[PDB]
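Engineer: First, the structure itself, so that you have it in front of you.
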Ligand SMILES: [Zn+2]
Ligand SMILES: [Zn+2]
């Protein structure tokens, strides 16, 4: 829910 | 025991006052988002003109997604950093993040500045409908 | 390239060579009809498959409400300003984000790619 | 505004959702038809130029 590399 | 009995004297709380930031910080966050959306638009227009050159080992779709995600992620992190600058010493979100008891810098950033990109299965939100994410958006919209 | 069906039996004609005359003949296996082949090409395979999608695009797609429309790119054939623009919309299109513009307005049906 | 005025006095006007559907103001759309429909989240904001 954050970014592509983070968390969903 | 000793610290918990001191906490009766000092006390701790979490309120909306912690989430709210200065007006200047909100303007800076908004400006970062504005220029990020413009950059994504420029990348899209380059891709439509076919001026974009494929990254080695990647298709043009993959490299377009890579560049767009990089721009959006940089904007997201920059807005988060501005929000974290805005935090005062008294801010309780900062108290908990700095002490390490709970939370993280990411949570403060999402609370104050920008929730961030939503990714499902490692990609941006897919085209569930025919060539569009939701019925409200126009077909073939790769924008932010 | 194209497949020719014999008149006598309405079945597919398969290539065959007459050794005596060294002439290519499209002859059905079921019936004895034989036809000389003008094309002289049996099998063509395009591995690159660089086939323009302009032919495949239908002029009817201009009527779609969901398609985006630009007045910035004028029509070449008739000069109508509006033009719906959409991507390849095709599997096995490799990696192309080209916009295949289609002129709006009734009966123009012009498809151009810039 | 005439439709919402009739609906507002829903009592003693016998104007209801069925009348709205019959008048052509509203329509039922399934997902397959949703794929062919351009929708506006909020009317005033998105419809206005
Ligand atoms: Zn035959
Ligand atoms: Zn035209």
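Basis: the model, the stated rules and, where named, an outside source; these are not laboratory values. Ideal geometry is used to build each Cβ from the backbone, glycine not excepted, and the neighbour counts take in all protein chains shown.
Engineer: Taking the condition of being surrounded by fewer than 17 Cβ atoms within 10 Å (Cβ to Cβ), within 13 Å of chain B (Cβ to nearest Cβ) and more than 19 Å from the chain's Cα centre (by Cα), how many residues in the stretch C:83-111 meet it?
Structural biologist: So the count comes out to 1.
Engineer: Any residue that is away from ligand 2 (no atom under 16 Å from the Cβ), more than 30 Å from residue B:131 (Cα to Cα), free of Cβ contacts under 8 Å to residues at least 40 places away in the same chain and surrounded by 12 or more Cβ atoms within 10 Å (Cβ to Cβ) - is there at least one of those in the stretch C:35-45? Quick ask: steps written out before the conclusion?
Structural biologist: From the stretch C:35-45, those away from ligand 2 (no atom under 16 Å from the Cβ) are C:35-45; that's our starting set.
Restricting the remaining residues to those that are more than 30 Å from residue B:131 (Cα to Cα) gives C:35-45.
Filter once more, so that each one left must be free of Cβ contacts under 8 Å to residues at least 40 places away in the same chain: C:35-40, C:42-43, C:45.
Still in the running and surrounded by 12 or more Cβ atoms within 10 Å (Cβ to Cβ): C:35, C:37.
The answer is yes, given that some residue of the stretch C:35-45 is away from ligand 2 (no atom under 16 Å from the Cβ), more than 30 Å from residue B:131 (Cα to Cα), free of Cβ contacts under 8 Å to residues at least 40 places away in the same chain and surrounded by 12 or more Cβ atoms within 10 Å (Cβ to Cβ).
Engineer: I'd like to know if the stretch C:49-59 contains one or more residues that are within 14 Å of another protein chain (Cβ to nearest Cβ), surrounded by 15 or more Cβ atoms within 10 Å (Cβ to Cβ) and in contact with a helix residue (DSSP H, G or I) (Cβ under 7 Å, 6 or more places away or on another chain).
Structural biologist: No, the stretch C:49-59 contains no residue that is within 14 Å of another protein chain (Cβ to nearest Cβ), surrounded by 15 or more Cβ atoms within 10 Å (Cβ to Cβ) and in contact with a helix residue (DSSP H, G or I) (Cβ under 7 Å, 6 or more places away or on another chain).
Engineer: So residue D:44 clears everything in (1) exposed (fewer than 10 other Cβ atoms within 10 Å of the Cβ); (2) within 18 Å of residue C:66 (Cβ to Cβ) except one condition, right? Which one?
Structural biologist: With respect to (1) exposed (fewer than 10 other Cβ atoms within 10 Å of the Cβ); (2) within 18 Å of residue C:66 (Cβ to Cβ), residue D:44 is out only on (2).
Engineer: Can we say residue B:130 is within 30 Å of residue C:90 (Cα to Cα), buried (at least 18 other Cβ atoms within 10 Å of the Cβ) and out of contact with any helix residue (DSSP H, G or I) (no Cβ under 7 Å at 6 or more places or on another chain)? It would help to see each step written out before you state the result.
Structural biologist: Values: within 30 Å of residue C:90 (Cα to Cα): yes; buried (at least 18 other Cβ atoms within 10 Å of the Cβ): no; out of contact with any helix residue (DSSP H, G or I) (no Cβ under 7 Å at 6 or more places or on another chain): yes.
For residue B:130, the condition - within 30 Å of residue C:90 (Cα to Cα), buried (at least 18 other Cβ atoms within 10 Å of the Cβ) and out of contact with any helix residue (DSSP H, G or I) (no Cβ under 7 Å at 6 or more places or on another chain) - is not met.
Engineer: Further question: In the stretch B:46-74, what residues are within 10 Å of chain C (Cβ to nearest Cβ) and either surrounded by fewer than 18 Cβ atoms within 10 Å (Cβ to Cβ) or in contact with a strand residue (DSSP E or B) (Cβ under 9 Å, 6 or more places away or on another chain) (or both)? If you could, list the steps in order and put the result at the bottom.
Structural biologist: We begin by selecting, within the stretch B:46-74, every residue within 10 Å of chain C (Cβ to nearest Cβ); these are B:46-50, B:52, B:54, B:58-64.
Hits for the stretch B:46-74 are B:46, B:48, B:49, B:50, B:54, B:58, B:59, B:60, B:61, B:62.
Engineer: Moving on. Among (1) outside the structural domain of residue C:94 (by CATH); (2) in a loop (DSSP other than H, G, I, E, B); (3) over 24 Å from the mean Cα position of the chain (by Cα), where does residue C:65 come up short?
Structural biologist: With respect to (1) outside the structural domain of residue C:94 (by CATH); (2) in a loop (DSSP other than H, G, I, E, B); (3) over 24 Å from the mean Cα position of the chain (by Cα), residue C:65 is out only on (1).
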